[PDB]
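This is my_file-v2.tsv (TSV, C-alpha atoms (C1' of nucleotides) and all ligand atoms).
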```
chain	number	residue	atom	x	y	z
T	1	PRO	CA	0.00	0.00	0.00
T	2	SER	CA	2.96	2.38	0.41
T	3	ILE	CA	3.88	2.23	-3.30
T	4	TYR	CA	2.09	4.92	-5.30
T	5	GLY	CA	0.94	4.01	-8.79
T	6	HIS	CA	2.17	0.89	-10.59
T	7	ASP	CA	-1.36	-0.52	-10.58
T	8	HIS	CA	-0.94	-2.96	-13.46
T	9	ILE	CA	2.45	-3.98	-12.06
T	10	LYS	CA	0.66	-5.02	-8.86
T	11	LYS	CA	-1.95	-6.87	-10.93
T	12	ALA	CA	0.79	-8.71	-12.83
T	13	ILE	CA	2.51	-9.58	-9.54
T	14	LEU	CA	-0.76	-11.00	-8.21
T	15	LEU	CA	-1.24	-13.09	-11.35
T	16	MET	CA	2.39	-14.25	-11.17
T	17	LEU	CA	2.32	-15.39	-7.53
T	18	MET	CA	-0.57	-17.76	-8.39
T	19	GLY	CA	0.07	-18.41	-12.08
T	20	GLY	CA	-1.49	-20.89	-14.46
T	21	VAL	CA	-1.48	-24.67	-14.36
T	22	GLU	CA	1.25	-26.82	-15.88
T	23	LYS	CA	0.38	-29.03	-18.86
T	24	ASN	CA	2.10	-32.33	-19.61
T	25	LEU	CA	1.59	-34.67	-22.56
T	26	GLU	CA	2.72	-38.19	-23.40
T	27	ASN	CA	3.72	-36.90	-26.85
T	28	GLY	CA	3.99	-33.12	-26.35
T	29	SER	CA	6.57	-33.42	-23.55
T	30	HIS	CA	6.38	-30.37	-21.27
T	31	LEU	CA	4.55	-27.04	-21.36
T	32	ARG	CA	5.66	-24.16	-19.16
T	33	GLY	CA	3.20	-23.25	-16.43
T	34	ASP	CA	4.22	-20.00	-14.73
T	35	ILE	CA	4.82	-16.40	-15.83
T	36	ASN	CA	7.98	-14.28	-15.68
T	37	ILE	CA	8.04	-10.49	-15.33
T	38	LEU	CA	10.91	-8.15	-16.26
T	39	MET	CA	11.08	-4.44	-15.45
T	40	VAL	CA	13.39	-1.77	-16.87
T	41	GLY	CA	13.33	1.90	-15.96
T	42	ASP	CA	15.19	5.01	-14.92
T	43	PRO	CA	16.63	5.18	-11.38
T	44	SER	CA	14.46	5.77	-8.30
T	45	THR	CA	11.15	4.43	-9.60
T	46	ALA	CA	10.49	1.78	-6.90
T	47	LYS	CA	11.56	-1.48	-8.52
T	48	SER	CA	13.85	-2.89	-5.82
T	49	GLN	CA	11.29	-1.99	-3.14
T	50	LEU	CA	8.50	-3.82	-4.98
T	51	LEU	CA	10.83	-6.79	-5.50
T	52	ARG	CA	11.58	-6.82	-1.76
T	53	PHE	CA	7.85	-6.75	-1.06
T	54	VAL	CA	7.34	-9.73	-3.38
T	55	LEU	CA	10.15	-11.52	-1.54
T	56	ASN	CA	8.54	-10.83	1.83
T	57	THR	CA	4.99	-11.80	0.81
T	58	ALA	CA	5.86	-14.94	-1.16
T	59	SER	CA	5.51	-18.41	0.34
T	60	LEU	CA	8.98	-19.37	-0.93
T	61	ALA	CA	11.56	-17.11	-2.55
T	62	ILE	CA	15.31	-16.53	-2.74
T	63	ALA	CA	17.09	-13.17	-2.95
T	64	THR	CA	19.92	-12.80	-5.45
T	65	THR	CA	21.93	-9.96	-6.98
T	66	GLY	CA	23.63	-10.00	-10.36
T	67	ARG	CA	27.11	-8.86	-9.37
T	68	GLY	CA	27.44	-10.93	-6.20
T	69	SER	CA	26.69	-14.30	-7.79
T	70	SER	CA	28.49	-16.82	-10.00
T	71	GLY	CA	26.58	-19.08	-12.36
T	72	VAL	CA	28.68	-22.17	-11.63
T	73	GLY	CA	27.89	-21.97	-7.92
T	74	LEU	CA	24.37	-20.70	-8.59
T	75	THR	CA	23.07	-24.12	-9.75
T	76	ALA	CA	25.22	-26.89	-8.25
T	77	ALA	CA	28.54	-27.23	-6.44
T	78	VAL	CA	30.84	-30.16	-5.70
T	79	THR	CA	32.16	-30.39	-2.14
T	80	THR	CA	33.66	-33.18	-0.05
T	81	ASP	CA	31.92	-34.48	3.06
T	82	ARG	CA	33.97	-34.35	6.26
T	83	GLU	CA	32.52	-37.57	7.72
T	84	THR	CA	32.41	-39.99	4.79
T	85	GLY	CA	35.22	-38.36	2.79
T	86	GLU	CA	33.31	-38.52	-0.51
T	87	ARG	CA	32.16	-35.67	-2.74
T	88	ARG	CA	28.47	-34.87	-3.18
T	89	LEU	CA	26.49	-32.16	-4.95
T	90	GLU	CA	25.21	-29.07	-3.15
T	91	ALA	CA	22.01	-27.39	-4.32
T	92	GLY	CA	22.42	-23.98	-5.94
T	93	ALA	CA	20.53	-20.72	-5.68
T	94	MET	CA	17.44	-21.68	-7.67
T	95	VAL	CA	17.44	-25.41	-6.90
T	96	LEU	CA	16.54	-24.40	-3.35
T	97	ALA	CA	13.86	-22.22	-4.97
T	98	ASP	CA	12.19	-25.12	-6.80
T	99	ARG	CA	8.47	-24.39	-7.29
T	100	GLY	CA	9.19	-20.95	-5.81
T	101	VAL	CA	10.16	-17.55	-7.23
T	102	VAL	CA	13.66	-16.12	-7.71
T	103	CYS	CA	14.21	-12.36	-7.59
T	104	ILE	CA	17.35	-10.89	-9.17
T	105	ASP	CA	18.53	-7.28	-8.95
T	106	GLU	CA	21.14	-5.66	-11.21
T	107	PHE	CA	20.23	-8.19	-13.89
T	108	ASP	CA	21.92	-6.21	-16.67
T	109	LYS	CA	25.05	-5.72	-14.55
T	110	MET	CA	25.58	-9.47	-14.13
T	111	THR	CA	28.48	-10.99	-16.04
T	112	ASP	CA	27.44	-12.25	-19.47
T	113	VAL	CA	28.90	-15.73	-18.89
T	114	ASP	CA	26.66	-16.50	-15.91
T	115	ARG	CA	23.66	-15.58	-18.06
T	116	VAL	CA	24.05	-18.90	-19.89
T	117	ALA	CA	22.86	-20.62	-16.70
T	118	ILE	CA	19.56	-18.77	-17.03
T	119	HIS	CA	19.58	-19.68	-20.72
T	120	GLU	CA	19.91	-23.29	-19.57
T	121	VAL	CA	17.22	-23.18	-16.88
T	122	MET	CA	14.45	-20.95	-18.23
T	123	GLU	CA	14.48	-22.99	-21.46
T	124	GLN	CA	13.26	-26.31	-20.05
T	125	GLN	CA	13.12	-25.78	-16.24
T	126	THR	CA	15.83	-28.40	-15.73
T	127	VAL	CA	19.54	-27.98	-14.97
T	128	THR	CA	21.95	-30.79	-15.90
T	129	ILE	CA	25.30	-31.11	-14.12
T	130	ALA	CA	28.15	-33.25	-15.48
T	131	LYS	CA	31.44	-32.75	-13.64
T	132	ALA	CA	33.90	-34.96	-11.72
T	133	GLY	CA	31.96	-38.12	-12.51
T	134	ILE	CA	28.50	-36.90	-11.46
T	135	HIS	CA	25.66	-37.25	-13.98
T	136	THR	CA	22.23	-36.07	-12.83
T	137	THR	CA	19.38	-33.89	-14.08
T	138	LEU	CA	18.09	-31.55	-11.36
T	139	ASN	CA	14.53	-30.23	-11.49
T	140	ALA	CA	14.03	-26.47	-11.12
T	141	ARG	CA	10.58	-25.13	-12.08
T	142	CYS	CA	11.01	-21.70	-10.49
T	143	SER	CA	9.74	-18.40	-11.86
T	144	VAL	CA	12.23	-15.54	-12.23
T	145	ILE	CA	11.52	-11.83	-11.75
T	146	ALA	CA	14.26	-9.38	-12.69
T	147	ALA	CA	14.78	-5.62	-12.72
T	148	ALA	CA	17.49	-3.92	-14.78
T	149	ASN	CA	18.31	-0.37	-15.71
T	150	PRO	CA	18.89	0.75	-19.32
T	151	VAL	CA	22.33	1.26	-20.83
T	152	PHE	CA	22.10	5.04	-20.52
T	153	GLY	CA	21.63	6.76	-17.18
T	154	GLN	CA	18.02	7.57	-18.07
T	155	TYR	CA	15.59	6.01	-20.53
T	156	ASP	CA	15.48	7.62	-23.98
T	157	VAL	CA	11.91	7.65	-25.28
T	158	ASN	CA	13.08	8.82	-28.72
T	159	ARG	CA	15.40	5.83	-29.20
T	160	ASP	CA	15.00	2.24	-30.34
T	161	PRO	CA	13.87	-0.10	-27.52
T	162	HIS	CA	16.52	-2.64	-28.57
T	163	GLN	CA	19.42	-0.21	-28.16
T	164	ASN	CA	18.12	0.92	-24.75
T	165	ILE	CA	18.44	-2.60	-23.27
T	166	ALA	CA	21.83	-4.26	-22.89
T	167	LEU	CA	20.42	-7.79	-22.75
T	168	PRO	CA	20.32	-9.89	-25.95
T	169	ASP	CA	17.07	-10.68	-27.73
T	170	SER	CA	17.29	-14.43	-27.02
T	171	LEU	CA	16.56	-14.10	-23.30
T	172	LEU	CA	14.24	-11.10	-23.74
T	173	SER	CA	11.98	-13.22	-25.95
T	174	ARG	CA	11.42	-15.70	-23.11
T	175	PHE	CA	10.07	-13.17	-20.59
T	176	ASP	CA	6.30	-12.88	-20.96
T	177	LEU	CA	5.83	-9.22	-19.99
T	178	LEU	CA	8.12	-6.23	-20.50
T	179	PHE	CA	7.42	-3.15	-18.38
T	180	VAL	CA	9.06	0.25	-18.84
T	181	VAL	CA	8.72	2.87	-16.09
T	182	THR	CA	9.67	6.55	-16.29
T	183	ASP	CA	9.25	9.42	-13.82
T	184	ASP	CA	7.73	12.08	-16.05
T	185	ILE	CA	7.94	15.51	-14.45
T	186	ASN	CA	4.46	16.83	-13.61
T	187	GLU	CA	3.67	19.25	-10.80
T	188	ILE	CA	0.31	17.62	-9.97
T	189	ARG	CA	1.79	14.13	-9.64
T	190	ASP	CA	4.83	15.57	-7.87
T	191	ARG	CA	2.57	17.16	-5.24
T	192	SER	CA	0.50	13.98	-4.85
T	193	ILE	CA	3.49	11.65	-4.47
T	194	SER	CA	5.20	14.18	-2.19
T	195	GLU	CA	2.28	14.33	0.23
T	196	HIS	CA	1.97	10.53	0.10
T	197	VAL	CA	5.65	9.97	0.93
T	198	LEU	CA	5.53	12.59	3.69
T	199	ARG	CA	2.48	10.76	5.06
T	200	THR	CA	4.46	7.51	5.09
T	201	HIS	CA	7.41	8.87	7.08
H	1	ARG	CA	-7.56	36.91	16.57
H	2	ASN	CA	-10.74	38.01	14.77
H	3	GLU	CA	-14.02	36.38	15.79
H	4	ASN	CA	-15.03	35.58	12.20
H	5	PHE	CA	-11.69	33.95	11.34
H	6	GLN	CA	-11.14	30.89	13.55
H	7	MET	CA	-11.87	30.56	7.29
H	8	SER	CA	-8.24	29.47	7.43
H	9	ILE	CA	-5.78	31.25	5.16
H	10	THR	CA	-3.11	29.40	3.21
H	11	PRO	CA	0.50	30.41	2.45
H	12	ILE	CA	1.33	31.49	-1.09
H	13	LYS	CA	3.90	28.74	-1.65
H	14	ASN	CA	1.35	25.99	-0.94
H	15	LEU	CA	-0.58	27.13	-4.04
H	16	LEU	CA	1.93	25.58	-6.46
H	17	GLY	CA	0.61	22.04	-6.84
H	18	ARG	CA	-3.18	22.44	-6.78
H	19	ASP	CA	-5.59	24.12	-9.18
H	20	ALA	CA	-9.31	24.70	-9.79
H	21	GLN	CA	-9.82	25.38	-6.07
H	22	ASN	CA	-10.70	28.56	-4.19
H	23	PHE	CA	-8.47	29.98	-1.47
H	24	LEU	CA	-8.11	32.86	0.98
H	25	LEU	CA	-4.77	34.68	1.25
H	26	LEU	CA	-3.22	37.96	2.35
H	27	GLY	CA	0.04	39.72	1.56
H	28	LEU	CA	1.76	42.83	0.27
H	29	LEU	CA	-0.02	43.93	-2.91
H	30	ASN	CA	2.52	45.73	-5.09
H	31	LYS	CA	4.21	45.77	-8.51
H	32	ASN	CA	6.86	43.25	-9.50
H	33	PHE	CA	9.94	44.07	-11.56
H	34	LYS	CA	8.14	43.26	-14.82
H	35	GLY	CA	5.26	45.63	-14.12
H	36	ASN	CA	2.38	43.43	-12.97
H	37	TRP	CA	0.52	43.33	-9.67
H	38	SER	CA	1.63	40.57	-7.31
H	39	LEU	CA	1.12	39.34	-3.76
H	40	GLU	CA	4.14	38.80	-1.51
H	41	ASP	CA	4.25	36.39	1.42
H	42	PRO	CA	7.12	35.21	3.65
H	43	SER	CA	6.88	31.94	1.69
H	44	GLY	CA	6.57	33.14	-1.90
H	45	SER	CA	4.78	35.28	-4.45
H	46	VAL	CA	2.24	34.84	-7.25
H	47	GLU	CA	0.63	36.91	-10.00
H	48	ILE	CA	-2.78	38.49	-9.53
H	49	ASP	CA	-5.87	39.00	-11.70
H	50	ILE	CA	-8.03	42.12	-11.50
H	51	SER	CA	-10.29	41.97	-14.58
H	52	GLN	CA	-13.22	40.51	-12.58
H	53	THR	CA	-12.60	41.81	-9.06
H	54	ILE	CA	-15.49	43.15	-6.95
H	55	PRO	CA	-14.14	45.13	-3.97
H	56	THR	CA	-15.51	46.10	-0.58
H	57	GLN	CA	-16.32	49.78	-1.00
H	58	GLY	CA	-15.10	52.32	1.53
H	59	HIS	CA	-11.43	51.33	1.24
H	60	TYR	CA	-8.51	53.04	-0.50
H	61	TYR	CA	-6.79	50.18	-2.34
H	62	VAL	CA	-3.22	51.47	-2.56
H	63	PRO	CA	-0.09	49.42	-3.35
H	64	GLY	CA	1.75	48.46	-0.18
H	65	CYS	CA	-1.31	47.62	1.95
H	66	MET	CA	-2.22	44.13	3.15
H	67	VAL	CA	-5.39	42.86	1.47
H	68	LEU	CA	-7.49	39.72	1.90
H	69	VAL	CA	-7.84	38.01	-1.49
H	70	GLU	CA	-10.35	35.36	-2.59
H	71	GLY	CA	-10.17	33.57	-5.91
H	72	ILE	CA	-9.34	30.49	-7.94
H	73	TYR	CA	-5.81	29.37	-8.83
H	74	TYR	CA	-4.92	28.25	-12.35
H	75	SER	CA	-1.79	26.31	-13.31
H	76	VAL	CA	-1.96	27.07	-17.04
H	77	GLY	CA	0.06	30.16	-16.18
H	78	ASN	CA	0.47	31.65	-12.71
H	79	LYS	CA	-2.74	33.69	-12.56
H	80	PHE	CA	-4.85	33.88	-9.40
H	81	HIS	CA	-8.27	34.92	-10.71
H	82	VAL	CA	-9.66	37.10	-7.92
H	83	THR	CA	-13.37	37.50	-7.21
H	84	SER	CA	-13.29	39.83	-4.18
H	85	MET	CA	-10.84	41.98	-2.22
H	86	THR	CA	-11.29	43.30	1.31
S	1	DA	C1'	36.76	-28.38	-6.92
S	2	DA	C1'	35.88	-23.19	-6.62
S	3	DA	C1'	36.94	-18.07	-5.66
S	4	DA	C1'	40.08	-14.04	-6.63
S	5	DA	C1'	44.42	-11.32	-8.16
S	6	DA	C1'	48.06	-10.21	-12.08
S	7	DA	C1'	50.53	-9.73	-16.61
S	8	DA	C1'	50.21	-9.99	-21.33
S	9	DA	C1'	47.54	-10.09	-25.83
C	1	LIG	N1	5.62	5.43	-6.13
C	1	LIG	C1	6.43	5.46	-5.06
C	1	LIG	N2	5.87	5.42	-3.83
C	1	LIG	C2	6.67	5.45	-2.76
C	1	LIG	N3	8.00	5.52	-2.71
C	1	LIG	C3	8.53	5.55	-3.94
C	1	LIG	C4	7.83	5.53	-5.14
C	1	LIG	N4	8.71	5.58	-6.21
C	1	LIG	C5	9.89	5.63	-5.65
C	1	LIG	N5	9.86	5.62	-4.28
C	1	LIG	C6	11.00	5.67	-3.37
C	1	LIG	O1	12.17	5.68	-4.14
C	1	LIG	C7	13.26	5.24	-3.30
C	1	LIG	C8	14.27	4.50	-4.14
C	1	LIG	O2	14.21	3.10	-3.78
C	1	LIG	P1	14.87	1.99	-4.68
C	1	LIG	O3	16.33	2.18	-4.77
C	1	LIG	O4	14.43	0.62	-4.15
C	1	LIG	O5	14.16	2.19	-6.08
C	1	LIG	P2	14.40	1.71	-7.58
C	1	LIG	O6	13.52	2.40	-8.53
C	1	LIG	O7	14.30	0.18	-7.58
C	1	LIG	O8	15.93	2.08	-7.80
C	1	LIG	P3	17.23	1.52	-8.54
C	1	LIG	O9	16.99	1.41	-10.00
C	1	LIG	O10	18.34	2.52	-8.17
C	1	LIG	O11	17.52	0.18	-7.86
C	1	LIG	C9	12.64	4.41	-2.17
C	1	LIG	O12	12.96	4.96	-0.90
C	1	LIG	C10	11.13	4.46	-2.45
C	1	LIG	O13	10.38	4.67	-1.26
C	2	MG	MG	16.16	0.81	-6.29
```
Translate the structure described by the file into structure tokens.
Ligand SMILES: Nc1ncnc2c1ncn2[C@@H]1O[C@H](COP(=O)(O)OP(=O)(O)OP(=O)(O)O)[C@@H](O)[C@H]1O
Ligand SMILES: [Mg+2]
Amino acid sequence: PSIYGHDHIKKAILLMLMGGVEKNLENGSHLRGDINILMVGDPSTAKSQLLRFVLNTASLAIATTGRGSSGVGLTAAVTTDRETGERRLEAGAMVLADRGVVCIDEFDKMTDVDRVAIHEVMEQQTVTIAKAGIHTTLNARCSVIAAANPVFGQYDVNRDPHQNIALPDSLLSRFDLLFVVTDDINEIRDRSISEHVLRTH
Amino acid sequence: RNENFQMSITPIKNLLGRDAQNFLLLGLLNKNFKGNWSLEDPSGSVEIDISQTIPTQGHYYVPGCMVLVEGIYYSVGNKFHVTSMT
DNA sequence: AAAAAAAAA
């Protein structure tokens, strides 16, 4: 209730938290069941705050940032057990978030290499690890919400949408909904949001 | 301290964000640098409108005297369309 | 096995 505006963003969040049913076929393999939402906008437009709210209100979710994560350790890791002395897999960031939702900040600022992990997971909702003699397919049917800022400091309305976003088209095509948010200067809305924020504090 | 006033007046500066609403104000009525009549308050100043002003007779309206102004604010420009002065 | 710093292409 403390976020002014963003009505349809809230509606999309509500539809995402309780998304559609998964369809499986004996011949059609697998059909994706949830919805992913991506947001891009100029700074200070309440994206991280809404993401934190979604994290707090969700039944199961994991917090992740683009710069402070590595794709190899984000899915599965190989470590040795102290008792037995053998090596066994450790679940990654989104494996723990199976059937949950994963929220990522600074999505555009993440290293390009790690992005392939998302390219692996969001494709078929299954991550396959093959390293040091371990062969297993791990299930991960999580939904991913991300927020990234454009290449320039502020969004350019007069420019091509493709050149405003640093991410490649391959991953952008997977996300169902693209939302662009800008803080247009308007004295009426400035007064309204100012009195609202002063009410909050 | 007046008995009648217990309606409330509003500072000039708080007129910036709203429009199409009537208000009561008071301040130094004088001429700005450009040459128009304006109201000055410890908060700010605005432009006035006189073309449809009905005064309270029996008063010498001279620049430099505090006057109670009633009218509607408009944000198309910065014109406070006055309807009465007392 | 996996993270982080350095010189050279
Ligand atoms: N509509 C709004 N209602 C209330 N607060 C808002 C609104 N829009 C922005 N804010 C405020 O903007 C501030 C900036 O917060 P935050 O950094 O999370 O936003 P952001 O848009 O996600 O920024 P960034 O792109 O830098 O991560 C917050 O303190 C938040 O309260
Ligand atoms: Mg933020």
At most 8 Å from ligand MG 2 (chain C) (only C-alpha atoms (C1' of nucleotides) and all ligand atoms): residue list as a list in words: residues 43, 44, 45, 46, 47, 48 and 49 of chain T
Set out as JSON lines a contact list for chain T and ligand LIG 1 (chain C) with a cut-off of 10 Å, giving each residue of chain T that qualifies its closest atom pair and distance in Å to one decimal, counting all atoms listed in the file, ordered by chain and rising residue number.
```
{"residue": "T:1", "atom": "CA", "partner": "C:LIG1", "partner_atom": "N2", "distance": 8.9}
{"residue": "T:2", "atom": "CA", "partner": "C:LIG1", "partner_atom": "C2", "distance": 5.8}
{"residue": "T:3", "atom": "CA", "partner": "C:LIG1", "partner_atom": "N2", "distance": 3.8}
{"residue": "T:4", "atom": "CA", "partner": "C:LIG1", "partner_atom": "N1", "distance": 3.7}
{"residue": "T:5", "atom": "CA", "partner": "C:LIG1", "partner_atom": "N1", "distance": 5.6}
{"residue": "T:6", "atom": "CA", "partner": "C:LIG1", "partner_atom": "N1", "distance": 7.2}
{"residue": "T:39", "atom": "CA", "partner": "C:LIG1", "partner_atom": "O7", "distance": 9.7}
{"residue": "T:40", "atom": "CA", "partner": "C:LIG1", "partner_atom": "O9", "distance": 8.4}
{"residue": "T:41", "atom": "CA", "partner": "C:LIG1", "partner_atom": "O9", "distance": 7.0}
{"residue": "T:42", "atom": "CA", "partner": "C:LIG1", "partner_atom": "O9", "distance": 6.4}
{"residue": "T:43", "atom": "CA", "partner": "C:LIG1", "partner_atom": "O9", "distance": 4.0}
{"residue": "T:44", "atom": "CA", "partner": "C:LIG1", "partner_atom": "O6", "distance": 3.5}
{"residue": "T:45", "atom": "CA", "partner": "C:LIG1", "partner_atom": "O6", "distance": 3.3}
{"residue": "T:46", "atom": "CA", "partner": "C:LIG1", "partner_atom": "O6", "distance": 3.5}
{"residue": "T:47", "atom": "CA", "partner": "C:LIG1", "partner_atom": "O7", "distance": 3.3}
{"residue": "T:48", "atom": "CA", "partner": "C:LIG1", "partner_atom": "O7", "distance": 3.6}
{"residue": "T:49", "atom": "CA", "partner": "C:LIG1", "partner_atom": "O4", "distance": 4.2}
{"residue": "T:50", "atom": "CA", "partner": "C:LIG1", "partner_atom": "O4", "distance": 7.5}
{"residue": "T:51", "atom": "CA", "partner": "C:LIG1", "partner_atom": "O7", "distance": 8.1}
{"residue": "T:52", "atom": "CA", "partner": "C:LIG1", "partner_atom": "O4", "distance": 8.3}
{"residue": "T:105", "atom": "CA", "partner": "C:LIG1", "partner_atom": "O11", "distance": 7.6}
{"residue": "T:106", "atom": "CA", "partner": "C:LIG1", "partner_atom": "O11", "distance": 7.6}
{"residue": "T:147", "atom": "CA", "partner": "C:LIG1", "partner_atom": "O7", "distance": 7.8}
{"residue": "T:148", "atom": "CA", "partner": "C:LIG1", "partner_atom": "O9", "distance": 7.2}
{"residue": "T:149", "atom": "CA", "partner": "C:LIG1", "partner_atom": "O9", "distance": 6.1}
{"residue": "T:150", "atom": "CA", "partner": "C:LIG1", "partner_atom": "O9", "distance": 9.5}
{"residue": "T:181", "atom": "CA", "partner": "C:LIG1", "partner_atom": "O6", "distance": 9.0}
{"residue": "T:182", "atom": "CA", "partner": "C:LIG1", "partner_atom": "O6", "distance": 9.6}
{"residue": "T:183", "atom": "CA", "partner": "C:LIG1", "partner_atom": "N4", "distance": 8.5}
{"residue": "T:193", "atom": "CA", "partner": "C:LIG1", "partner_atom": "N2", "distance": 6.7}
{"residue": "T:194", "atom": "CA", "partner": "C:LIG1", "partner_atom": "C2", "distance": 8.9}
{"residue": "T:196", "atom": "CA", "partner": "C:LIG1", "partner_atom": "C2", "distance": 7.5}
{"residue": "T:197", "atom": "CA", "partner": "C:LIG1", "partner_atom": "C2", "distance": 5.9}
{"residue": "T:198", "atom": "CA", "partner": "C:LIG1", "partner_atom": "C2", "distance": 9.7}
{"residue": "T:200", "atom": "CA", "partner": "C:LIG1", "partner_atom": "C2", "distance": 8.4}
{"residue": "T:201", "atom": "CA", "partner": "C:LIG1", "partner_atom": "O13", "distance": 9.8}
```
Neighbours of chain T in chain S at 12 Å, counting all atoms listed in the file, as a PyMOL selection string: chain S and resi 1-3
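CA of residue 118 in chain T is positioned 11.5 Å from CA of residue 172 in chain T.
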Closest of T:119, T:88, T:162, T:30 to residue 136 in chain T - atom-to-atom distances counting all atoms listed in the file: T:88
Using 8 Å as the limit and counting all atoms listed in the file, can you tabulate each residue of chain H that touches chain T, with its shortest atom-to-atom distance in Å and the two atoms involved, as a Markdown table?
```
| residue | atom | partner | partner_atom | distance |
| --- | --- | --- | --- | --- |
| H:16 | CA | T:187 | CA | 7.9 |
| H:17 | CA | T:188 | CA | 5.4 |
| H:18 | CA | T:188 | CA | 6.8 |
```
Of the listed residues H:61, H:5, H:80, H:33, that which approaches residue 49 in chain H most closely, counting all atoms listed in the file: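 Between H:61, H:5, H:80, H:33, the residue approaching residue 49 in chain H most closely is H:80.
Distances here use all atoms listed in the file; by that measure, the residue among T:127, T:171, T:146, T:13 closest to residue 64 in chain T is T:146.
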Atom-to-atom span, CA of residue 81 in chain H and CA of residue 58 in chain H, Å: 22.3 Å
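For the atom pair formed by CA of residue 70 in chain H and CA of residue 56 in chain H, the distance is 12.1 Å, given to one decimal.
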Residues within 8 Å of (2.1, 42.9, -5.3), file coords, only C-alpha atoms (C1' of nucleotides), listed as a ChimeraX atom specification: /H:27-32,36-40,47-48,63-64
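Those DNA, RNA and protein residues that approach the point (16.4, -29.4, -9.3) to within 7 Å, considering only C-alpha atoms (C1' of nucleotides), are residues 95, 98, 126, 127, 138, 139 and 140 of chain T.
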Shell around residue 61 in chain T at 8 Å using only C-alpha atoms (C1' of nucleotides), local window under 3 positions removed, as a ChimeraX atom specification: /T:55,58,97,100-103
Some atoms are absent from range 131-143 of chain T, so rebuild N, CA, C and O atoms and return them as a short mmCIF file (atom, residue, chain, number, x, y, z; two decimals), in the frame of the given file.
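Below you can see part14.cif, which holds the result:
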```cif
data_model
loop_
_atom_site.label_atom_id
_atom_site.label_comp_id
_atom_site.auth_asym_id
_atom_site.auth_seq_id
_atom_site.Cartn_x
_atom_site.Cartn_y
_atom_site.Cartn_z
N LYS T 131 30.12 -33.21 -14.06
CA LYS T 131 31.44 -32.75 -13.64
C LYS T 131 31.96 -33.69 -12.56
O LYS T 131 31.23 -34.03 -11.63
N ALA T 132 33.23 -34.09 -12.69
CA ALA T 132 33.90 -34.96 -11.72
C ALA T 132 33.13 -36.26 -11.50
O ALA T 132 33.01 -36.75 -10.37
N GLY T 133 32.61 -36.83 -12.58
CA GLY T 133 31.96 -38.12 -12.51
C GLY T 133 30.57 -38.13 -11.94
O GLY T 133 30.11 -39.18 -11.47
N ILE T 134 29.87 -37.00 -11.95
CA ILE T 134 28.50 -36.90 -11.46
C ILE T 134 27.60 -36.58 -12.64
O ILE T 134 27.83 -35.59 -13.35
N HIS T 135 26.59 -37.41 -12.86
CA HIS T 135 25.66 -37.25 -13.98
C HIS T 135 24.24 -37.30 -13.43
O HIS T 135 23.75 -38.38 -13.07
N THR T 136 23.57 -36.15 -13.38
CA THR T 136 22.23 -36.07 -12.83
C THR T 136 21.52 -34.86 -13.40
O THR T 136 22.15 -33.82 -13.63
N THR T 137 20.22 -34.99 -13.65
CA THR T 137 19.38 -33.89 -14.08
C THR T 137 18.57 -33.40 -12.88
O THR T 137 17.78 -34.16 -12.31
N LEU T 138 18.76 -32.14 -12.52
CA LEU T 138 18.09 -31.55 -11.36
C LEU T 138 16.89 -30.74 -11.82
O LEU T 138 16.98 -29.95 -12.76
N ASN T 139 15.75 -30.94 -11.15
CA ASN T 139 14.53 -30.23 -11.49
C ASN T 139 14.51 -28.85 -10.85
O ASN T 139 14.84 -28.71 -9.67
N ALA T 140 14.13 -27.84 -11.63
CA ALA T 140 14.03 -26.47 -11.12
C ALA T 140 12.95 -25.77 -11.94
O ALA T 140 13.23 -25.28 -13.04
N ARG T 141 11.74 -25.71 -11.40
CA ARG T 141 10.58 -25.13 -12.08
C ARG T 141 10.22 -23.77 -11.50
O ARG T 141 9.05 -23.41 -11.40
N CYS T 142 11.23 -23.00 -11.12
CA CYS T 142 11.01 -21.70 -10.49
C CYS T 142 10.66 -20.64 -11.53
O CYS T 142 10.96 -20.77 -12.72
N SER T 143 10.02 -19.58 -11.06
CA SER T 143 9.74 -18.40 -11.86
C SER T 143 10.70 -17.28 -11.45
O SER T 143 10.98 -17.10 -10.27
#
```
